[PDB]
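S.K.:
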Amino acid sequence: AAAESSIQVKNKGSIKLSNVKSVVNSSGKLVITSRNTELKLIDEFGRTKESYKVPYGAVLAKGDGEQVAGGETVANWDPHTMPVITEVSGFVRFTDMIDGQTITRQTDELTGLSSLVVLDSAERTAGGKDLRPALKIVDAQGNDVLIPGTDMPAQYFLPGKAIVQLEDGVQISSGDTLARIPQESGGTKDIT
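Each number in PDB author numbering comes from the position in the sequence shown (counting from 1) with 943 added on.
Right, dumping it as structure tokens:
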């Protein structure tokens, strides 16, 4: 089958995410800030019974410390969806996501859909070499939006296989996706 849709932490206990510095988006949920998503389930004696590493951009369910009941979904990611999610509310400004250099413009409706696709490092072409495929996120006013905490604009360089629909001129909430990365892996026979 090879889904691994969600983590059903098999027993009751706390959840302490170590080596991760994420933030709480406006959906009241928890963002995925890096690839160090250490999902550590505990017991009543303080014993790490389960440990996980969730895809950076797999929607988080609960927070930290709250004793989770067993078999519960602790984070969220569709089978072939390891998406790169936004952290705040922001625009879609074409800089290094320039149509024509890195993609094929298939424009859609007022919602701003498409069938454009962004790929990882190796799978790139030779056209947009000065284009590091990205998405420059800016607020409603226009200035480059900021992830809460620092001074660097929110810049999510949406990695491989990720299909992007939001076209120039779409402002989203804090917790919506920029692009969604498939993960089929049907068979799981790839390890010597």
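Yeah, the Cβ is synthetic: ideal placement off N, Cα and C, and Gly gets one too.
1. Which ranges would you report for the beta strand (DSSP E) in the segment 982-1006 if only whole runs of at least 3 residues count?
2. What residue does the beta strand (DSSP E) around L1121 start on, and which one ends it?
3. What is the C-beta distance between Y995 and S977, in whole angstroms, given that I count them as a contact (C-beta under 8 Å)?
4. Measuring alpha carbon to alpha carbon, tell me which of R1048, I1124, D1073, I958 ends up nearest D1111.
5. Does the Cβ-Cβ distance between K972 and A1004 come in under 9 Å?
6. Counting Cβ pairs, one atom from each stretch, are 3 or more of them under 8 Å apart for the segment 1072-1092 and the segment 980-990?
7. I believe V1027 touches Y1099 by the beta-carbon criterion, under 8 Å. Please report the beta-carbon distance rounded to the nearest angstrom.
8. Have a look at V997, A946, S948 and flag the residue whose alpha-carbon is nearest the alpha-carbon of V963.
9. Does the distance from the CB of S1032 to the CB of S965 come in under 9 Å?
10. Between the beta-carbon of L1056 and the beta-carbon of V1017, is there less than 9 Å?
11. Considering just the uninterrupted stretch of the beta strand (DSSP E) at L1059, what are its terminal residues?
12. Please determine, among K959, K1104, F1037, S970, the residue with the shortest C-alpha to C-alpha distance to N979.
13. By Cβ distance below 6 Å, which residues in the same chain neighbour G1071 in space, the five residues on each side in sequence not counted?
14. If we require 3 or more residues per run, which beta strand (DSSP E) segments fall completely within the segment 1042-1123?
M.R.: Once the coordinates are examined:
1. Within the segment 982-1006, complete beta strand (DSSP E) segments of at least 3 residues are found at 993-996, given in chain order.
2. Segment 1120-1122, the beta strand (DSSP E) holding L1121.
3. Actually they do not touch by this definition, with Cβ atoms about 15 Å apart.
4. The candidate whose alpha carbon is nearest that of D1111 is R1048.
5. In terms of Cβ geometry, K972 and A1004 form a close pair [threshold 9 Å].
6. The answer is no - the segment 980-990 does not touch the segment 1072-1092, with fewer than three Cβ pairs under 8 Å.
7. Contact between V1027 and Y1099 holds: CB atoms are separated by about 5 Å, below the 8 Å threshold.
8. Out of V997, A946, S948, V997 has the C-alpha closest to the C-alpha of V963.
9. Not closer than 9 Å, so no.
10. Annotated as distal: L1056 and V1017, with beta-carbon spacing of 9 Å or more.
11. Run containing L1059: 1059-1061, per the beta strand (DSSP E) assignment.
12. Of the listed residues, the one whose Cα sits closest to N979 is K959.
13. Excluding sequence positions up to five before and after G1071, its CB lies within less than 6 Å of the CB of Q1044, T1045, all in the same chain and listed in chain order.
14. Runs of the beta strand (DSSP E) inside the segment 1042-1123: 1059-1061, 1105-1107, 1120-1122.
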